[PDB]
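Only one chain is given next, in structure tokens, and it is the form deposited in one PDB entry.
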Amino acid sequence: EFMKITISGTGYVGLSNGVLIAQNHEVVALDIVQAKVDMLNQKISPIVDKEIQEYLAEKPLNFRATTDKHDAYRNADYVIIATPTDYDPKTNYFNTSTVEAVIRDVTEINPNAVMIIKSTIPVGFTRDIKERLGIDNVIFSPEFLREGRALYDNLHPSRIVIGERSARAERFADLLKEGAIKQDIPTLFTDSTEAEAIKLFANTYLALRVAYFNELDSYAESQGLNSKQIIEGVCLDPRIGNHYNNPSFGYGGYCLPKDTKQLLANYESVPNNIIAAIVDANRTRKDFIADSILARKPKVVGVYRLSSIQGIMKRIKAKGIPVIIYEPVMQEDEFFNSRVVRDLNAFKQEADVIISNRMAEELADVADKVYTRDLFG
């Protein structure tokens, strides 16, 4: 087979999948930003990913880009939708407008193309949109990549999951396996809504794991015990393992805080204690960490690098204690009403306690006033 696969959205997800598949098939990448398309046609990547830029520039890929929807979608066997979406936990609103616009466009231009959604969507999205528009050609397949290793994670994926049990779903899984470097990749075919719930449950388990080791750490600090001794002893049980067990100021990042809340909203009519506790536990852990810091009676707290550390900052400021921030990447001189100190040495002198989620070489000479719960970094 030599198929045509269109990518809608040339960001980390679209380009990871597109470059992977362009090694063996015809890929046409569609974006709405003409300048990104022009760059791609010059074999220049519009994003930061080593492998994508290396592949685009150095390997023979049957790849091209366009802003023309008709040129992109005509004769496509599959269209991978990788446009932006966003879930807002405060309102429980999942903005899927770009995905719905693409489904609209493909349905109109090429109703025979099979759309594969890689964008994050709410649980039940695909079953519902098919029913609403009265179409059958949409399948969800979760994307497991990490930014910065976008192409790498699809060259060496943990597994491939396609949310339809059919020969056309299997042929799509084959495209992902064919472009990968890793061999005998675990492949799983499920029904739609089930596939859409996988990442929420996987990411929430990771947040649960971090929240648990953080509660173990709260206990160890409270009791004057060596947290590393306990954690290493526990994690030597092969059913538990030595990963994702490094204490911190709370789970953070781009996915976990929102996904745990998104999953909890989905449990609104399902009795549970663990799902709700995962969200509450992070707030409790931040209160514990802030209270530990405040018990040292600092006159100035220094925050070394800026994300769960933001919650610690908020709590310290709520008690009227000034916070100064060391963050080279930030160019402003203020962040949430607190001074950003550009000079590391001045920051070190002024701060009575320096908090940092993870230890860093450059804090070694002031280690005595650094508060971090990092054990394994």
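Residue indices: 1-based, along the sequence shown. Think of the rigid core as the biggest set of C-alphas that the two forms share within 1.5 Å after superposition.
Where coordinates are absent for parts of the deposited sequence, a chain break appears; between neighbours residue 306 and residue 307 it spans 10 or more residues. Taking the mean C-alpha B-factor of each stretch as recorded, 254-262 and 157-165 are not equal, and the higher mean is that of 254-262. Taking the PDB entry as given, 287-295 carries the higher mean Cα B factor of the two stretches 136-144 and 287-295. Within the group 312, 44, 29, 324, the record's highest C-alpha temperature factor is found at 44. You'll see in the entry that, of 20, 13, 366, 355, the Cα B factor peaks at 366. Per the PDB record, residue ranking by Cα B-factor puts residue 370 in the highest third of the chain. Per-chain ranking of the deposited C-alpha B factor places residue 75 in the middle third. Residue 248: CA B factor in the lowest third of modelled residues in this chain (values from the PDB entry). Annotation for residue 182: C-alpha temperature factor in the middle third relative to the rest of the modelled chain, per the entry. Residue-level temperature factors show residue 227 in the middle third of its chain, judged at the C-alpha atom.
If you look for the form deposited in another entry, you will not find it shown, but the lines that follow are about it.
Measuring CA movement between the shown form and the other one with the rigid core aligned, the set 130, 209, 171, 149 has one residue at 2 Å or more: 209. Superposed on the core, the two forms differ at residue 324: its CA moves 2 Å or more between the shown form and the other one. For residue 354, a C-alpha deviation of 2 angstroms or more is recorded between the shown form and the other one after rigid-core alignment. Once both forms are fitted on their rigid core, the CA atom of residue 88 lies 2 Å or more apart between the shown form and the other one. The pair residue 266 and residue 165 separates in that other deposited form: their C-alpha atoms are at least 3 Å more distant from each other than in the form depicted. Relative to what is shown, residue 266 and residue 189 are farther apart in that other deposited form; their C-alpha atoms differ in spacing by at least 3 Å.
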